[PDB]
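Data first, discussion second: the structure below is written as structure tokens.
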Amino acid sequence: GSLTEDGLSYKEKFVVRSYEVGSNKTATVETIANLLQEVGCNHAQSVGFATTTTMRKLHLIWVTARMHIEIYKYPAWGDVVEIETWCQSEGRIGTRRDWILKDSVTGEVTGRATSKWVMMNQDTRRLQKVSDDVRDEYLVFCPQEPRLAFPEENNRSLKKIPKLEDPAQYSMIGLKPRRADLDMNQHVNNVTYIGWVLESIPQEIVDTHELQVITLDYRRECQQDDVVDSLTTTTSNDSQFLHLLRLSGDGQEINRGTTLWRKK
Amino acid sequence: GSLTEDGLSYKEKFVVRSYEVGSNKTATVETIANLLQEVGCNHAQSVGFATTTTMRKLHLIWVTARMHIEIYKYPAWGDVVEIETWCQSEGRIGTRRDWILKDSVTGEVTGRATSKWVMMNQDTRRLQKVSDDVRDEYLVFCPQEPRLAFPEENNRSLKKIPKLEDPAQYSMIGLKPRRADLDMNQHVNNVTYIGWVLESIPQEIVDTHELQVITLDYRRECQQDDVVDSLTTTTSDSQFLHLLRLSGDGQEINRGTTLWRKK
Ligand SMILES: N#CCC(=O)NC1CCCCC1
Ligand SMILES: N#CCC(=O)NC1CCCCC1
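Rendered as structure tokens:
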């Protein structure tokens with residue numbers, strides 16, 4: 075991987091692995107999300123980091144608030160996928176990381192993704208606005224004019240998601256993270272939540288449809304000793336679902352989302 | 075990746091990923107096991123496949144009976160690891176796949192692994208001996224003289240493993256596979272069982288020790304709708337005896353041992 079000529083974005087190529095593919099012999103959405111995360115981390119390292132100087136002094140971190148992924152073609156086992164990523168400041172609300180996925184052979188766009196990140200104190204877990212000093216320190220690494228993976232004025236990446244009402248149509252109960260689900264700081268990896276959401280989709284939908292769009296809101300973290308319940312209700332040749340992840344016991348919300356599936 | 079000059083083994087280089095490392099910023103044993111599995115699959119594809132012509136017509140497949148891994152140094156995040164793999168016939172018993180892990184920069188051996196594979200009919204799930212026809216079709220891709228990742232006489236990779244007796248010292252119950260744990264044929268990936276075994280090791284041990292050796296026997300598969308219990312007892333450096341069994345009737349799925357060195 076490497077930064078582009080202007081130093082304002084980063085590209086990396088990946089060969090899709092045997093254990094990374096599902097029943098169709100194409101990469102799962104969780105493999106795609108892990109690749110986005112890896113290219114995101116390599117971009118941050120290449121430019122000096129994603130805690131800045133001022134963030135480390137004030138015990139502040141970036142946390143994912145929302146993730147939105149749209150896939151047109153999942154790469155097959157052995158195929159090479161090229162991913163381009165960049166960051167942008169969104170004033171004092173937070174930051175945004177965007178991605179474009181391309182087939183290395185054809186150069187065609189096979190997917191795109193966007194994510195919203197908010198500032199948070201590591202210790203108190205209290206969200207806050209982006210200070211001027213932090214915003215100035217990361218603007219040297221971002222394009223100045225807007226560059227959006229989802230430019231459309233009526234796009235599905237900015238839609239408000241409602242809370243699923245009991246009773247859910249489908250459910251998968253008692254989901255727990257194992258050590259492979261944790262990152263290097265022992266926090267549950269953001270991609271695990273995508274897997275947990277998809278666990279309540281019936282196997283018949285997965286067998287006859289391909290996942291086209293997934294929007295996920297992150298409300299609260301799952302601790303490594305927590306237990307989660309995954310709930311899904313059909314809201315709809333296309334199928335839409337409303338999703339909810341909550342703690343198995345008290346029912347505390349951890350995530351909410353929507354998925355759109357197209358018939359194969 | 076590519077086959078070596080003589081075409082009797084295969085090498086591939088991997089850059090360790092951010093999500094592939096644990097709390098020590100080095101690759102987990104499950105990342106290592108996934109890399110062994112990937113280089114194994116790439117070796118099979120490069121030589122024409129690991130179902131052969133005779134196996135496809137007879138509805139036969141290779142299944143893992145045992146896996147043994149020894150790690151001296153886990154590669155750090157961003158490091159390049161080079162893995163060499165080869166296969167060997169073991170007469171009528173089955174086949175063996177071996178691996179050597181090296182630091183790409185220094186060329187030093189940082190790990191080694193061996194695995195025993197047995198023939199099985201896909202449909203009946205009945206184990207079988209290897210026929211002469213299969214033996215001949217496999218021998219053109221294997222070294223003729225023995226080449227062993229663990230050559231030492233009376234080494235850890237060939238030790239008989241006993242069955243853990245109740246009550247277990249430690250346990251993790253109600254473990255279930257999710258879709259990310261399944262392979263392309265909807266079977267639970269062999270690496271998931273390694274993760275499930277390690278789930279009953281206390282976090283205190285993981286925080287103060289590094290895993291040096293793991294030997295795992297595969298007795299029966301876990302279906303995607305099955306629930307597993309993971310049991311561990313200290314037998315001792334720290335040694336542990338492990339057992340995975342179905343949550344309900346207690347049917348054995350795996351047994352194994354781990355050796356851990358203090359950091
Ligand atoms: N953390 C991290 C890497 C990153 O930049 N993005 C990740 C986190 C959100 C879901 C997958 C993509
Ligand atoms: N299947 C397959 C790939 C392969 O050759 N070996 C794998 C399976 C056993 C555990 C990890 C290594």
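Which chain is which? The protein sequence lines are A and B, in order. For the first sequence, the residue numbers in the authors' numbering are 75 to 123, 129 to 315, 332 to 359. For the second sequence, the residue numbers in the authors' numbering are 75 to 123, 129 to 315, 333 to 359. Cβ atoms here follow ideal geometry from the backbone N, Cα and C, with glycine treated the same way.
Given that a residue counts as buried once 16 or more other Cβ atoms are within 10 Å of its Cβ, and exposed if not, what is residue i?
i, result
"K238 of chain B", "exposed"
"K181 of chain A", "buried"
"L206 of chain B", "exposed"
"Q111 of chain A", "buried"
"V160 of chain A", "buried"
"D177 of chain B", "buried"
"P281 of chain A", "exposed"
"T287 of chain A", "exposed"
"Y151 of chain A", "exposed"
"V184 of chain B", "exposed"
"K99 of chain B", "exposed"
"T193 of chain B", "buried"
"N269 of chain A", "buried"
"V219 of chain B", "exposed"
"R171 of chain A", "exposed"
"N350 of chain A", "buried"
"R257 of chain B", "buried"
"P154 of chain B", "buried"
"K242 of chain B", "exposed"
"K195 of chain B", "buried"
Report the residue from the options whose alpha carbon sits nearest the alpha carbon of residue i.
i, options, result
"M134 of chain B", "B:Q347, B:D215, B:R91 and B:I349", "B:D215"
"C115 of chain B", "A:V292, A:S92, A:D158 and A:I252", "A:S92"
"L295 of chain B", "B:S343, B:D80 and B:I240", "B:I240"
"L139 of chain B", "B:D212, B:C221 and B:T78", "B:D212"
"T271 of chain B", "B:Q303, B:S97, B:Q282 and B:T313", "B:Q303"
"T189 of chain A", "A:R235, A:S210, A:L77 and A:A101", "A:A101"
"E94 of chain B", "A:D158, A:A259, A:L339 and A:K359", "A:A259"
"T353 of chain A", "A:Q347, A:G344, A:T314 and A:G346", "A:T314"
"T174 of chain A", "A:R191, A:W156 and A:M198", "A:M198"
"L82 of chain A", "A:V90, A:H117, A:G75 and A:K99", "A:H117"
"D262 of chain A", "B:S120, B:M263, B:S97 and B:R191", "B:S97"
"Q223 of chain A", "A:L243, A:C166, A:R257 and A:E187", "A:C166"
"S76 of chain A", "A:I162, A:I148, A:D158 and A:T130", "A:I162"
"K359 of chain A", "A:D345, A:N350 and A:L290", "A:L290"
"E86 of chain A", "A:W196, A:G157 and A:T164", "A:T164"
"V90 of chain B", "B:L109, B:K136, B:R235 and B:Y84", "B:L109"
"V113 of chain B", "B:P225, B:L137, B:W141 and B:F88", "B:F88"
"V121 of chain B", "B:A144, B:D80, B:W156 and B:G157", "B:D80"
Between residue i and chain A, is any beta-carbon pair separated by less than 8 Å?
i, result
"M263 of chain B", "yes"
"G190 of chain B", "no"
"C166 of chain B", "no"
"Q201 of chain B", "no"
"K99 of chain B", "yes"
"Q207 of chain B", "no"
"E149 of chain B", "no"
"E112 of chain B", "yes"
Should residue i be flagged as near chain B, meaning a C-beta pair shorter than 8 Å?
i, result
"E283 of chain A", "no"
"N108 of chain A", "yes"
"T102 of chain A", "yes"
"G274 of chain A", "yes"
"residue 38 of chain A", "In the structure as shown, chain A begins at 75 and stops at 359. Residue 38 of chain A is therefore absent and cannot be evaluated."
"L277 of chain A", "yes"
"residue 322 of chain A", "Residue numbering in chain A breaks between 315 and 332, and residue 322 of chain A falls inside that break, so it has no position here."
"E161 of chain A", "no"
"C221 of chain A", "no"
Starting from the C-beta of residue i, find all residues in its chain whose C-beta is less than 8 Å away, skip the five residues before and the five after it, and write them out in chain order.
i, result
"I273 of chain B", "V103, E104, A107, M146, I293 and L295"
"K255 of chain A", "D305, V306 and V307"
"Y249 of chain A", "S279, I280, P281, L310, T311 and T312"
"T132 of chain B", "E216"
"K208 of chain A", "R171, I172 and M198"
Can you name, in chain order, every residue of its own chain whose Cβ lies under 7 Å from the Cβ of residue i, other than the five neighbours on each side?
i, result
"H266 of chain A", "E300"
"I284 of chain B", "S334 and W356"
"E187 of chain A", "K181"
Once you ignore the five residues that flank residue i on each side, which residues in its own chain have a CB closer than 6 Å to its CB?
i, result
"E348 of chain A", "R298 and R341"
"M251 of chain A", "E278, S279 and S309"
"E149 of chain B", "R191 and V292"
Chain-ordered residues of the segment 287 to 303 of chain B with a beta carbon less than 7 Å from chain A: none
Residues from the segment 243 to 263 of chain A in contact with chain B, defined by Cβ distance under 8 Å: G253, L254, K255, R257, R258, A259, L261, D262 and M263
Residues within the segment 77 to 96 of chain B neighbouring chain A, beta-carbon criterion of under 7 Å: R91, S92, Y93, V95 and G96
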